[PDB]
């Protein structure tokens, strides 16, 4: 048999209380995380200190981000499935502090501009019955003086956790009616101004689908 000893590659799905993620052991962070925020269900009892992030013991130690990797890095532990999205229940929001839900994020971006869009998705849960949000990183290519195009991203910690160049957020908004409503955003991993209107970052989703390796048109 060709599979006599096992295949080296894992399809690394995780389904937590609060989201589903697909994990990439090479980047030491998630490919995508999808949550369904419904209203009804956002605001609730439960909280946790802003810094109580935990490594994921379901990920092999070879490919597992640790708090030490972020230590001294200048990057926030930016959660993709946001914490205030799941104040519904306690470990429903404890699952959002696993480092599998986290990518190195420029702190000004984590606290102001990505934060405003997190609010926007939390505001749009108001016009539509159900709001599904899928979030993840981008590593976008970039030319230099020689004319050739390069992907270049920073790598932090001894475990070499990748710092994304960009992040995407795609929302498909509905149950209560007829169900069109797809909206796609991308911001660079950089101190982007809070003043810029949120929709200056709208992008067609195949932009994201080609770059990310994922397919969203279902």
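Residue numbers count along the first chain shown, from 1.
Participant: Check the entry's C-alpha temperature factors for 45 to 53 and 173 to 181, then say which stretch has the higher mean.
Facilitator: The stretch with the larger average C-alpha B-factor is 173 to 181.
Participant: Report the stretch with the higher mean CA temperature factor, choosing between 129 to 137 and 106 to 114 on the basis of the entry.
Facilitator: Averaging CA B-factors over each stretch, the winner is 129 to 137.
Participant: Among 39, 157, 29, 188, which residue carries the highest C-alpha B-factor recorded in the PDB entry?
Facilitator: Answer, based on the entry's C-alpha B-factors: 39.
Participant: Going by the recorded CA B-factors, say which third of the chain residue 87 sits in, lowest, middle or highest.
Facilitator: Ranked within chain, residue 87 CA B lands in the highest tercile.
Participant: Would you mind ranking residue 76 by its C-alpha B-factor against the rest of the chain and naming the third, lowest, middle or highest?
Facilitator: It belongs to the lowest third of the chain when residues are ordered by C-alpha B-factor.
Participant: Using the B-factor values recorded in the entry, state whether the Cα atom of residue 218 falls in the lowest, middle or highest third among the modelled residues of its chain.
Facilitator: Highest third, going by the recorded CA B-factors of the chain.
Participant: Test of reading the entry: by CA B factor among the chain's modelled residues, which third contains residue 204?
Facilitator: For residue 204, whose C-alpha B-factor we compare with every modelled residue in the chain, the answer is the middle third.
Participant: Against its chain's modelled residues, does residue 96's Cα B factor rank lowest, middle or highest third?
Facilitator: Middle third.
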